[PDB]
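Starting off, we have a lone chain in the form deposited in one PDB entry, written out as structure tokens.
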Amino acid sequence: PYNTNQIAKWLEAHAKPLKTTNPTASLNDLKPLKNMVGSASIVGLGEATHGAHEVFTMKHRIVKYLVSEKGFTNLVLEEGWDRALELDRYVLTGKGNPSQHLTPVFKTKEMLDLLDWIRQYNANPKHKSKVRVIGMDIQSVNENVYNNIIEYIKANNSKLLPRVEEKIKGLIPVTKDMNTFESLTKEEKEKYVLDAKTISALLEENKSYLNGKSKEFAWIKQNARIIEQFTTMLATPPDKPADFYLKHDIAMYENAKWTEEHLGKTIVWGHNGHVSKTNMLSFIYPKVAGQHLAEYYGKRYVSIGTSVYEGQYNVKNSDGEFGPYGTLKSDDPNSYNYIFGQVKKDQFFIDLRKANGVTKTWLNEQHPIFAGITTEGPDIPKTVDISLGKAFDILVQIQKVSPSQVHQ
């Protein structure tokens, strides 16, 4: 019968102290991460919640470390693939207005500082590599995605445009948002699902007449893949309600995999529930992106999760408004939050894969942990059971958080 008070002492002796959560502070305290990450090709970096300032800034510091010390060149955000096309343009050319395309919950100062740092890093002649910004989410398929396909066909094989031109013209108005598409008739969604399949099929058979062995054709093909991901996910029949979510994270997984496979060492930035190696969002998801990633990459995928203890965070209230209405209550002494919360350090990280004794056993058992869902409601659990040692390879604990600095 292990003693959780002793476990908290073992954690203290093996915890790597984090000096600050300030993005501009020295990266020296992150050095222990070099060997923890090792030669992994893709690292999941989760956020305990989407509404905490310190969580965002600490993740910013890690990206910084991974980019300048471990060769990572791609940041995949839990953001729409279409919206990120504009964020990528911003960090590449400095042109555009980032906050205009960021999802509402991410329209924050921390997010804009992260993007600005990436923009700066990319314009510095001393770095022999640039960081690309990709979006793995598909809550919509705006017109910019369609124009990429239109533009590439017009330029490489304009003769093919007729076969695609208004399949996309009809798809544009119904993919502007999930509500428009799901509010369609069963027969309608299926026709659009076919229109998307056809567009992708068209690019595939005319591969040789479109400079198919190139890296730009790879991009185009993926852009078309996004349309299929969106249409298929929302064409899910009512007799299989769980498939909406299964397909959702299968797509995010595919987009994160596509990035690593075509662009290199990648960083998957998203919620703890989407990068964990086990399903902690089982109350809605049959499987999450992180399980597909671990399943395909094995030791090539490293999963880092963040955890909290005390403080306040932004969350949507009983009226559905996003604000500083979240208050952490790590009252339960059996939860990972309370236990890691007893470590006498403001911030620290640790390699869960290196745990020994009872701590190792305890990490492989199911225990309560703050869920961090963006909405607070009667049917939304505030905590969920999870095996920390199975969900994450590395844990970063931040004892006190405050609300993200959401634009006003």
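Residues that one form lacks are left out of the comparison. Definition used throughout: the rigid core is the maximal C-alpha set that superposes within 1.5 Å between two forms. One rule holds for the numbers: they count along the sequence shown, beginning at 1.
Between 148-156 and 120-128, it is 148-156 that carries the larger average Cα temperature factor according to the deposited entry. The mean Cα B-factor in the deposited entry runs higher for 183-191 than for the other of 183-191 and 291-299. Listed residues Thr198, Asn272, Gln312, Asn74 were ranked by CA B-factor as deposited; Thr198 comes out on top. Per the deposited coordinates, the residue with the largest Cα temperature factor out of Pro238, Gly305, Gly264, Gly135 is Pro238. The deposited CA B-factor of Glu376 belongs to the highest third of values across its chain. For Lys354, the recorded CA B-factor ranks within the highest third of the chain. Only modelled residues enter the ranking.
In this PDB entry, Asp385 carries a Cα temperature factor that places it within the middle third of its chain's modelled residues. Ranked within its chain, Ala13 lands in the highest third, by CA B factor from the PDB record. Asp88: CA B factor lies in the lowest third for its chain, per the PDB record.
Below: the form deposited in another entry, not depicted.
The residue among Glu188, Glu165, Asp116, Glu295 whose Cα moves by 2 angstroms or more between the shown form and the other one, once the core is superposed, is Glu188. With a change of no less than 3 Å, the CA-CA distance between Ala242 and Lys186 is larger in the other entry than in the form shown. Moving regions between the shown form and the other one, defined as 3+ consecutive residues each with a CA shift of at least 2 Å after core superposition, lie at 5-7, 186-190, 239-241.
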